[PDB]
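Chemist: I have a structure here, written as structure tokens, and I will follow up with some questions on it.
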Amino acid sequence: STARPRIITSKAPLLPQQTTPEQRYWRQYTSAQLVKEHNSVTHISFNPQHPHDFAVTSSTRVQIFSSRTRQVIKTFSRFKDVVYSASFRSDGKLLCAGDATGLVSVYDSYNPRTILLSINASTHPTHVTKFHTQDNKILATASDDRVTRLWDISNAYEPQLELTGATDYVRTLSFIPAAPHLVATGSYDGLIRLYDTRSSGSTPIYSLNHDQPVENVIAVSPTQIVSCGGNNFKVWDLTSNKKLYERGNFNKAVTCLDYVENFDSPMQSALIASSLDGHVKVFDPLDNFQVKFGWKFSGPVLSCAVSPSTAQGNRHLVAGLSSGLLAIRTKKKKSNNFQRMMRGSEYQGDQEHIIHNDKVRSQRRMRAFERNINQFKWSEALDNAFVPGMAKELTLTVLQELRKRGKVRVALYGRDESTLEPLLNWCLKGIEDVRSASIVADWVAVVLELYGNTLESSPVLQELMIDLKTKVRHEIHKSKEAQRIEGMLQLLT
Amino acid sequence: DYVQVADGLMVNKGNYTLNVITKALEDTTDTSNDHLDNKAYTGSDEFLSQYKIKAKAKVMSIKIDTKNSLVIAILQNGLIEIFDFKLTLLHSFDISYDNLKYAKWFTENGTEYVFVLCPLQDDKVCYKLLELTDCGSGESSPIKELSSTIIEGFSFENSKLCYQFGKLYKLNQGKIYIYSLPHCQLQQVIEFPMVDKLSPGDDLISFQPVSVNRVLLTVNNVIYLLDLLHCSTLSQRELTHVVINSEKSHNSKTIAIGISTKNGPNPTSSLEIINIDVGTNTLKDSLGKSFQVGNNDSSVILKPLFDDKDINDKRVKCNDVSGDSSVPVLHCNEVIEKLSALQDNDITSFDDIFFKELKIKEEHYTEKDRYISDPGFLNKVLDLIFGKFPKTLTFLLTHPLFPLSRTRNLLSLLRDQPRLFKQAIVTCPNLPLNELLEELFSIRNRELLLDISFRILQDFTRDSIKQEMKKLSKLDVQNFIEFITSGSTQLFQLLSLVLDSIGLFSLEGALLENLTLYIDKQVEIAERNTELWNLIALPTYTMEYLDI
Amino acid sequence: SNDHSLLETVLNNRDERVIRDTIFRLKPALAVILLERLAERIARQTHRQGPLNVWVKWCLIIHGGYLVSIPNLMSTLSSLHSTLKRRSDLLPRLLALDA
Amino acid sequence: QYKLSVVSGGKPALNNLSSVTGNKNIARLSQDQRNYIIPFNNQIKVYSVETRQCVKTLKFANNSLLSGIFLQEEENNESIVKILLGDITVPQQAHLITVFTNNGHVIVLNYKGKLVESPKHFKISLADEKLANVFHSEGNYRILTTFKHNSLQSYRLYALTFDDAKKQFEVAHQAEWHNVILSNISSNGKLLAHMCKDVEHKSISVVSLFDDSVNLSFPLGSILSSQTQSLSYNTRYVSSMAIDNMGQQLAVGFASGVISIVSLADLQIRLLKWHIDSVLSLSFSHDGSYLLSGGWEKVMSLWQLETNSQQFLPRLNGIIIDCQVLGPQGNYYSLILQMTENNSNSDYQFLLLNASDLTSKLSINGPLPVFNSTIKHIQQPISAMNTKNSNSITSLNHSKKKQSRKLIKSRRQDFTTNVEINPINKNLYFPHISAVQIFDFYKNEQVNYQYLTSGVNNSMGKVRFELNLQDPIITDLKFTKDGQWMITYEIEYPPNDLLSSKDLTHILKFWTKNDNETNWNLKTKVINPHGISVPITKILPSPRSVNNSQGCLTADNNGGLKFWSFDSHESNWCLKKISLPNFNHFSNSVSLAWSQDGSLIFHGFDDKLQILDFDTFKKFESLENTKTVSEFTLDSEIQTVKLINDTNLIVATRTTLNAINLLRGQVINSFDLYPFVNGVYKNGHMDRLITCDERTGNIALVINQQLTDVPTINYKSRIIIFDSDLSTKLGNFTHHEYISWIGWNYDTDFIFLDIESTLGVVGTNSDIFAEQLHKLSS
Amino acid sequence: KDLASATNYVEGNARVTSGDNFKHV
RNA sequence: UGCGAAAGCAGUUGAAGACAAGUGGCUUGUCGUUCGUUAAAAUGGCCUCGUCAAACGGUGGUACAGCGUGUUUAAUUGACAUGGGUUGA
């Protein structure tokens with residue numbers, strides 16, 4: 001003898017635009033927070049090491065938020081002009097911020113009162129400041145001087161290397177994630193230059209011609225880097241100096257990018273992109289940078305980031321808008337005498353020769369319609385169908401199980417006016433859908449076959465039959481006009 | 001087993017080059033080349049050369065001269081390189097190697113001492129094999145394969161000077177013992193009609209097949225298992241099939257004995273010394289769909305009649321499933337003799353043809369299944385009645401009731417008798433849709449319209465109806481719409497077909513509004529008779545009466 | 001882009017002349033993706049089939065050349081074919097039901 | 001070089017007698033009850049209840065010792081009717097069994113070690129009688145016999161003796177019973193009850209046979225109620241009876257569903273009503289205080305007769321047509337399960353089970369195919385209503401007369417089935433009704449059984465009205481050529497008397513398993529492939545060159561084709577290619593073939609063999625017109641387009657059997673089929689009647705229904721092989737019974753399925769101390 | 001579970017599609 | 001029942017004998033009866049083996065639904081003495 005097969009929920013052929021695993025995962029980022037800033041949020045970085053805090057650069061202050069309360073734990077307000085970039089070191093121990101007066105100031109993180117050193121860079125505004133990702137004691141600052149500088153933070157008087165060569169407004173750095181001698185910089189003339197730092201450094205080894213003025217350049221692999229600027233982003237193989245993908249799925253200019261790897265996700269890698277028209281989108285680097293999910297925000301989105309790869313807790317997607325506000329969407333995560341008497345209940349057979357196992361697994365709880373179909377209470381199963389809190393596929397599957405299994409007539413025999421009105425009042429709603437309407441058709445046909453006299457007596461289901469008639473009239477106009485559209489594009493083959 | 005049949009030195013280049021094929025010449029001084037231009041210098045020429053190759057550089061070229069050795073040339077720059085003689089007898093077929101791939105000092109006389117591709121690099125003396133009349137070089141693991149007229153096969157590998165295998169191959173005087181297309185075999189042609197494939201790793205025959213017809217200049221192509229062959233006194237270069245990623249279409253091999261058939265690509269016009277015309281322009285051998293085209297090397301058809309399962313005590317046949325008979329007494333000799341009994345002086349009568357056919361095939365004269373018949377036999381008796389004699393009432397009624405009529409049906413509109421024409425509409429089991437659409441749109445306004453729309457719907461796919469009913473005028477389709485609106489199911493879907501196949505824009509308006517009104521009332525009557533088909537206690541006080 | 005929000009604000013306009021010359025002024029290289037969006041929306045929401053198929057009949061009428069010159073009509077707008085096939089397949093059943 | 005053999009076993013073949021209810025289970029336990037001795041129609045299987053394996057198989061056709069008893073091409077009424085555990089020849093010394101057959105041979109056979117090459121058989125001096133059963137007690141032996149008005153049988157009891165001349169058994173003739181309707185014998189074999197039909201109605205009589213301890217009789221109107229005489233005939237028809245080991249009580253199970261325990265000393269009755277359809281089997285325990293019953297629900301109940309308390313066992317994959325306690329303490333129940341979802345064959349599962357936890361210790365079954373028609377005096381069992389799975393109380397006689405007349409007179413005598421071979425592990429997959437029996441034939445035992453549709457197949461024992469519902473039929477299943485996926489096609493049928501009762505559903509499902517697990521997983525299903533209400537006439541798996549053997553090609557009766565293939569990106573089996581024509585004629589004479597290269601497809605629709613390519617999936621075309629013949633109109637609708645190798649292809653149609661080459665593009669050979677296979681198979685079944693190889697030929701297969709001095713119920717099979725485009729009949733074999741399916745396993749053999757399901761194949765000091773210690777310590 | 005017990009039918013997470021999604025050429 | 005396609009297209013439904021009831025016959029009805037024809041109901045329904053809670057992975061439509069996490073492409077842990085007694089309607 002077997003166990004009883006479970007009642008299989010009636011699944012129809014799948015409709016278009018189903019819920020992909022990528023968009024289910026990215027759709028459980030919810031409970032949005034909107035924090036109004038004093039000015040447009042230009043940059044946002046995350047702590048790498050305990051990857052659980054993030055710094056938001058508004059105008060003339062940098063606020064570190066926590067990734068468990070989403071309130072400002074700490075804030076950095078002693079800048080003279082607009083602070084532009086603020087990033088954490090790879091050890092997460094200190095925080096660099098480039099400022100509109102060309103004064104890079106690096107504090108230590110989680111202590112806003114101890115400014116550790118103030119590199120006086122160019123007289124022009126310094127727009128991007130980030131530490132090396134391999135090395136710890138070098139900091140790369142590009143400014144509106146069309147020259148980036150590598151500074152050793154011990155010798156903070158002269159820059160240890162001066163990467164010039166770009167004709168207009170260098171706004172982005174990036175480091176290549178396995179070769180630590182390799183700095184890719186990006187400017188408003190297009191032309192991602194990139195430099196070997198053992199060489200002279202006043203000339204790039206090559207240049208990648210993004211045609212639009214680039215807004216950001218990040219590095220995905222040790223080999224391929226992604227530059228956004230203009231309406232698209234392009235990806236570039238770096239061992240072969242050559243473009244290989246470009247996605248232009250926006251309306252306005254892509255402002256920023258960042259990238260995730262190895263995190264707990266159906267997507268093994270994810271590049272998300274923020275694009276001055278409200279949209280932030282996530283692209284999957286493994287199937288050809290195809291877009292998988294997106295968010296629309298209440299204004300032009302200027303910068304975005306996500307929690308880093310090892311977040312281990314409450315996971316965040318943050319987007320700072322040009323409107324001057326900040327949007328966070330997170331996904332969350334008896335007696336010693338009595339115990340000495342009941343000691344052994346946690347042993348589970350380690351030193352024991354034979355280990356027997358016949359405890360059956362406890363299956364899912366049966367719903368009332370399923371146990372009534374099991375107990376052969378077929379009219380009670382119909383009654384349990386037409387309760388209000390039932391799913392539409394559950395009402396459909398108990399109708400289909402009574403149709404295939406036994407008898408519609410058995411399920412409908414002892415009824416009268418007051419006990420048929422649930423069925424017909426659901427058949428009004430079920431006649432609209434394609435997946436239900438065959439079952440609704442034969443159930444209504446059987447109930448008017450064997451209750452044609454109650455039709456005469458009760459007037460308060462006559463009107464239900466009339467409403468059902470106008471419903472089938474609307475549906476038959478729809479099923480006729482669908483055949484007309486089917487013919488009118490059969491003509492166009 | 002042929003291919004697409006038409007067209008009655010660096011071995012991997014093409015055109016846009018200068019001359020990557022510099023070769024010797026019959027009855028000339030030594031050698032030449034041409035372009036579609038590289039210089040023709042000397043590789044120490046004026047000897048008894050029979051072929052010429054290069055070191056795959058075209059400025060390290062040579063003249064492979066019958067003097068036991070060869071030197072280098074300067075066909076681009078002017079600076080020669082040095083050489084060193086090994087033998088002094090016959091090195092007319094010298095083939096210089098790549099960077100240490102396949103080279104040995106074999107000239108003509110069993111002295112295959114191994115060396116390298118250099119002027120002073122040497123190796124072992126692998127002259128152990130006997131006097132070989134067919135020494136080739138392949139890339140199994142680059143190897144000299146010797147076939148000897150002392151007859152015996154041997155295979156040495158010039159990778160470590162290692163004799164891989166060898167046996168006794170009794171090869172006679174050959175025509176072309178060319179290595180295979182994947183190199184794993186040896187295609188050796190016998191003189192007139194045969195080409196055998198032998199296993200060139202073990203020196204044994206693997207498939208000794210015959211060929212189609214006379215062919216002399218045969219060589220394996222850059223294919224899977226296919227060869228090309230030109231006729232002896234013919235410019236016909238046919239192809240046969242007994243590289244697999246994105247194969248070749250031209251510039252495969254240059255070995256032919258036609259009218260100076262040098263440098264044989266597909267478009268083989270601009271030759272290296274000849275300046276000839278060109279031919280076919282196909283690719284190499286595909287998988288299996290081109291062998292339905294090249295269905296050659298077998299032309300042995302006979303008259304195939306239906307045999308029977310052999311009677312080994314067939315008297316215990318145990319309740320045969322026929323009506324009354326058991327087996328039809330087959331008379332194929334009488335089938336052939338009925339042709340002589342029919343092709344006679346019954347030039348307008350059915351006394352010596354129709355009675356002859358219905359006596360040779362004792363049927364109900366409108367029915368199949370008492371078959372014993374051949375399509376060539378039915379075609380020849382149909383030819384004999386399409387000659388001097390449709391006025392027979394039995395023969396040309398019982399044989400459009402036969403599924404092998406073979407395309408002599410085109411005059412079925414061109415002759416017009418009512419009962420024979422309707423029977424050829426209903427039952428003739430191969431009909432051209434061109435004539436069917438012409439008969440459909442040459443309307444006589446009758447029930448044969450329904451009988452022709454039936455067959456045109458029930459044996460042709462809808463798009464093959466549409467593409468070949470584009471081939472109509474507009475008066476035909478306007479009168480067709482007018483006749484449908486005047487005065488059924490298959491013609492409704494035929495009307496759907498004509499509306500799909502007339503096109504998009506080029507219509508008129510009054511006919512369109514008339515058809516719109518007609519089909520509006522048609523859908524209304526279809527809806528109402530579909531509705532018709534889908535349409536097929538005690539009071540408290542009474543007063544009644546009873547018997548007194 | 002793939003902007004469902006302002007796609008909804010553009011096709012909640014249901015004046016017939018506005019829809020007509022809107023699709024007339026539309027570029028014919030993206031009438032196929034407008035038709036894909038309409039097909040998926042009427043597949044999901046079934047009460048939209050009334051208002052939204054006014055859009056899909058105008059896209060076929062106006063761009064009657066582009067998507068007859070496209071080589072794979074059914075493969076490119078499969079979702080429309082599947083939606084209309086499942087809408088019109090059950091027409092004999094509710095014919096018998098309303099009879 | 002080809003030889004025919006029968007290698008794999010058949011059906012279990014219990015007592016196929018009427019008028020014996022209860023004990024029709026001829027299988028025995030040993031006395032040291034460690035091995036279970038069941039007969040088959042081909043052999044004696046001896047399973048072992050500890051390890052569930054077969055440990056010894058006494059094949060009948062292996063030797064002339066008892067294949068001389070039956071190897072006939074016409075006569076299989078010689079049947080094996082009882083097995084006894086002792087030795088009837090010499091007493092007091094047992095590891096060997098004495099089998100009594102239904103004619104009178106008594107064979108003594110050793111099942112421990114090798115079978116002896118000369119058994120101890122005898123032949124008892126018997127009249128025209130035909131051996132109902134034998135009976136054992138302490139020492140003595142009885143036998144019972146059947147006879148020649150109203151069609152009833154007549155029984156006669158003898159006693160045996162042996163001793164004086166050791167060739168004959170002498171008989172004694174205790175008594176007779178001159179009209180018997182139904183009979184049963186108690187568990188100890190000490191007494192037996194039966195019914196009489198002696199006038200106004202029938203009668204019931206119990207008699208002890210090994211002594212004149214008791215013999216009583218009474219008309220059963222004193223058993224029956226007063227309500228039943230004004231009710232239907234099911235309320236008074238009796239389909240079961242049983243007695244206990246004392247003869248104090250007796251269970252009468254009626255066709256209405258009730259059971260009634262009468263107390264034989266005073267004829268007071270007690271009614272037990274649970275069975276909602278007919279009661280088919282009853283048994284008592286040894287002490288008589290528990291009653292096992294089984295019926296049309298697949299639920300074995302056991303009634304605690306003290307408190308009238310049922311214990312159930314509900315989903316037993318077959319209706320219980322016999323149940324009985326078995327052990328000395330009653331620790332096993334043996335059951336016969338009739339498995340009546342297929343109406344074309346009576347396929348019984350033998351299932352004992354230990355009574356402790358009610359788990360199926362040693363379930364036994366033969367192969368279960370479903371033939372296209374009913375086979376040979378097959379009667380679906382009795383019930384309350386006349387359904388499509390049973391027959392009512394009236395129509396058994398008319399149904400067997402009609403079935404005999406249908407096998408005699410009629411014309412469509414095709415009962416052929418589709419069997420598949422899993423190309424990985426060489427076990428064969430009989431698609432049962434809404435399920436598959438995976439069964440390996442190198443030990444002829446079932447691997448497992450799996451439901452592949454969504455019916456009420458397992459959840460419910462259907463009863464009197466509900467037996468007019470059928471679960472969906474699996475009509476096609478094919479494996480992909482690497483054995484990684486199983487394609488199956490099923491027809492889902494609707495229940496009657498509603499609006500959607502006349503439109504079927506057609507479901508094509510795709511199943512996967514790794515090479516370890518025994519059961520498949522549904523990865524995808526497409527309901528209505530090819531469109532609504534249109535069938536699939538033929539599915540064809542694809543060769544190893546299209547999508548690495550992961551494509552299927554399904555054909556309509558419109559001539560439409562759909563190519564489905566599994567791609568890993570969208571991790572599902574999706575619809576790749578399509579060629580639909582829209583005709584107005586339909587025909588299910590559709591066949592399909594593929595080139596091994598994966599280039600061109602031969603679509604053998606009716607009267608027409610189209611040639612499609614694969615790249616554009618339309619009809620084949622070369623612009624050079626090198627006699628590109630891409631259609632072959634033949635004289636009748638074609639039913640096999642089997643291409644042996646890439647050169648040529650064999651077409652088989654209902655008149656002729658042609659062969660067509662493509663490297664020489666014309667007909668090469670032809671044969672005549674119409675005198676053999678005329679209008680006898682349904683159009684689409686020659687594909688399962690003939691098959692091929694991949695190198696070494698092609699197999700045709702015809703059937704001759706034998707004749708008297710009119711056709712009869714007897715058949716013979718003529719199978720023939722050809723090598724290399726119909727050249728030589730190098731195999732001409734004849735098999736003694738109807739043949740139903742033939743197919744090539746993937747290592748140059750062809751398996752075939754007999755109509756009684758025998759799978760056959762056509763192939764190519766210290767020593768005495770040791771002995772006495774192993775004696776005395778065992 | 002028992003060795004004579006048949007395997008029940010279970011769809012699980014099988015993708016049910018129709019015969020009319022021509023999403024592939 | 002036969003031919004079919006899943007639609008449909010042709011064919012129907014006799015005789016003997018016995019028994020039961022009702023009023024030796026007559027009527028009606030049955031048949032663990034035969035020959036010929038291709039031919040709704042006896043109050044009578046499906047076992048225990050452990051539940052509950054919280055996750056996670058795919059699948060459909062994220063609160064909704066469903067399958068699984070014993071090995072699987074993937075994905076699980078934890079509570080409880082799984083008793084007896086008295087009220088508990």
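Letters for chains follow the order of the structure tokens (A, B, ...), residue numbers begin at 1 for each chain, and ligand numbers begin at 1 in the order shown.
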Wanna dump the chain B-chain D contacts at 8 Å for me, each residue with its shortest atom pair and the distance in Å to one decimal, counting only C-alpha atoms, ordered by chain and number, as CSV?

Modeler:
residue,atom,partner,partner_atom,distance
B:1,CA,D:663,CA,5.9
B:287,CA,D:597,CA,6.3
B:288,CA,D:597,CA,6.3
B:289,CA,D:599,CA,6.4
B:291,CA,D:663,CA,6.1
B:292,CA,D:662,CA,5.7
B:293,CA,D:626,CA,5.5
B:294,CA,D:663,CA,7.4
B:295,CA,D:663,CA,4.4
B:296,CA,D:664,CA,6.6
B:298,CA,D:664,CA,6.0
B:299,CA,D:664,CA,7.1
B:301,CA,D:668,CA,7.8
B:304,CA,D:669,CA,6.5
B:305,CA,D:670,CA,6.9
B:306,CA,D:671,CA,5.1
B:307,CA,D:671,CA,5.0
B:308,CA,D:672,CA,5.4
B:309,CA,D:672,CA,7.3
B:317,CA,D:704,CA,6.9
B:318,CA,D:706,CA,4.5
B:319,CA,D:707,CA,5.9
B:320,CA,D:675,CA,6.4
B:321,CA,D:678,CA,6.2
B:322,CA,D:675,CA,6.4
B:326,CA,D:675,CA,6.8
B:327,CA,D:675,CA,6.8
B:369,CA,D:655,CA,7.5
B:402,CA,D:635,CA,7.2
B:403,CA,D:635,CA,5.4
B:404,CA,D:633,CA,7.1
B:457,CA,D:583,CA,6.0
B:458,CA,D:583,CA,5.0
B:459,CA,D:583,CA,6.8
B:460,CA,D:583,CA,7.1
B:461,CA,D:581,CA,4.8
B:462,CA,D:582,CA,5.9
B:463,CA,D:581,CA,8.0

Chemist: Could you work out which residues of chain B fall inside 10 Å of chain C? Count only C-alpha atoms, and format the result as a PyMOL selection string.

Modeler: chain B and resi 504-505+527-528+530-536

Chemist: Considering only C-alpha atoms (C1' of nucleotides), can you say which of F:66, F:32, F:45, F:57 comes closest to chain E?

Modeler: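 Residue with the minimum atom-to-atom distance to chain E: F:66.
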
Chemist: Residues at most 10 Å from residue 4 in chain C, counting only C-alpha atoms (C1' of nucleotides), excluding those fewer than 6 positions away in the same chain, as a ChimeraX atom specification?

Modeler: /A:296 /C:10,37

Chemist: If you take only C-alpha atoms and a cut-off of 9 Å, which residues of chain A touch chain D, and what are their nearest atom pairs and distances in Å to one decimal, in chain and number order, as a tab-separated table?

Modeler:
residue	atom	partner	partner_atom	distance
A:1	CA	D:316	CA	4.8
A:2	CA	D:315	CA	5.8
A:3	CA	D:315	CA	7.6
A:4	CA	D:459	CA	5.6
A:5	CA	D:459	CA	5.9
A:6	CA	D:459	CA	8.3
A:8	CA	D:454	CA	8.1
A:12	CA	D:527	CA	8.7
A:13	CA	D:527	CA	7.5
A:374	CA	D:459	CA	8.1
A:401	CA	D:456	CA	8.8
A:403	CA	D:495	CA	7.5
A:404	CA	D:495	CA	6.4
A:405	CA	D:456	CA	6.0
A:406	CA	D:466	CA	6.6
A:407	CA	D:495	CA	8.5
A:408	CA	D:498	CA	8.8
A:438	CA	D:500	CA	7.5
A:439	CA	D:500	CA	8.5
A:441	CA	D:499	CA	7.4
A:442	CA	D:499	CA	5.2
A:443	CA	D:498	CA	8.2
A:445	CA	D:499	CA	7.1
A:446	CA	D:498	CA	6.8
